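Have a look below at one chain only, the form deposited in one PDB entry, in structure tokens format.
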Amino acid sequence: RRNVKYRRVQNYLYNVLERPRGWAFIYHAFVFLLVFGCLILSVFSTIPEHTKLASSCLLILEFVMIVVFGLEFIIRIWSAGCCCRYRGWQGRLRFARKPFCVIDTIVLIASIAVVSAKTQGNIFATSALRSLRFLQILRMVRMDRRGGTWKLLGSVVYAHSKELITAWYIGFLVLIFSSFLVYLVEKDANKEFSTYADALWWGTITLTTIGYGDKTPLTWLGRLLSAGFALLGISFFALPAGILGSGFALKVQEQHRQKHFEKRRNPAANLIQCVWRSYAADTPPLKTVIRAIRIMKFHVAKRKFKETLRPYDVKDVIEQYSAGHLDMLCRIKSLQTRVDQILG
């Protein structure tokens, strides 16, 4: 009872920490905000006109950081042990074996080292201090499970590889050609367009629409060519962003549609029921063979539980109603045969 609730809440802590959902996301948003504030203060520490106050406030914020992350670290260890897979010393050690748990461990000891060096003032530590500060991004890095973001990006980039390559190829050709032409037109009148490398820098800055203004064509012919090629190249340089964004949005729409068409509920219940059957399994030989058949049912329902995980297709219902067609054919055949039997 008491211990029961003890482990129940321990499990809830595990959920909020290692299984973000709902307000646990609010909790992790808060810790991300703290990490981001630490990073901003670390950056401001670079400025000499603010280095004194930046570092002064950064010392206290780093103290708060170490306290909160140590508390989260120990609570995470305990709650993870809750799950009966990381229970006990051996299970806690296994949880620590996680790459992100060890990463948290190292960043935490590093942070303590930062604080101690600050207290001391060691020049060697002082020099290392900024690199140590950089480690805090590791918190956000950890917040991404199994590199989800990365994978997602890669997926889309691979899905649209042909068109991304098309955009890159055409844009690169436009960049090279326009840069060369503007170089030729302005190699003499304009000093900033002295070397073709400078023209390439101008072309890259222009076509991306950054337009610093450090190099700008002056001769009217140069400005005309720059205008035309700038139109073409800005379009082609903006392409990849547009292609990737449209890919992301269409992917979301597909995910939504698949979610709506999710029919896995009933086969998943079949999997659960056959699991219960296999449990009930565990005439001696008849019982043993019945257990074997129940295990086979368990595996079959798992396969069904997996083929449901495969999203929906219209081709599926095309085959479904196609089965309807064969059905009606056979049906009418039988009907006519038996009615002929009647006539006889």
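Here the rigid core means the biggest group of C-alpha atoms that line up within 1.5 Å when the two forms are laid on top of each other. So that there is no doubt, residue numbering starts at 1 and follows the sequence shown.
Beyond what is shown, the protein has a form deposited in another entry; the following relates to that form.
Asks: Pick from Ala189, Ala241, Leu93, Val252: whose Cα moves by 2 Å or more between the shown form and the other one, rigid core superposed?
Replies: Correct option: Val252.
Asks: If the two forms are fitted on the core, does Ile66 show a Cα displacement reaching 2 angstroms between the shown form and the other one?
Replies: Not so; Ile66 is displaced by less than 2 Å.
Asks: Once you line up the core, how about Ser322: does its CA shift reach 2 Å between the shown form and the other one?
Replies: Result for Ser322: yes, a 2 Å-plus shift.
Asks: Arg331: CA shift of at least 2 Å between the shown form and the other one after core fit?
Replies: True for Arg331: a C-alpha shift of 2 Å or more.
Asks: Based on a C-alpha change of 3 angstroms or more, tell me if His260 and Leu152 lie closer or farther in that other deposited form than in the shown form.
Replies: Note: Cα gap between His260 and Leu152 shrinks in that other deposited form.
Asks: Quick one: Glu18 and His260 C-alpha atoms, closer or farther in that other deposited form compared with this form (3 angstroms or more)?
Replies: Nearer in that other deposited form, by 3 Å or more.
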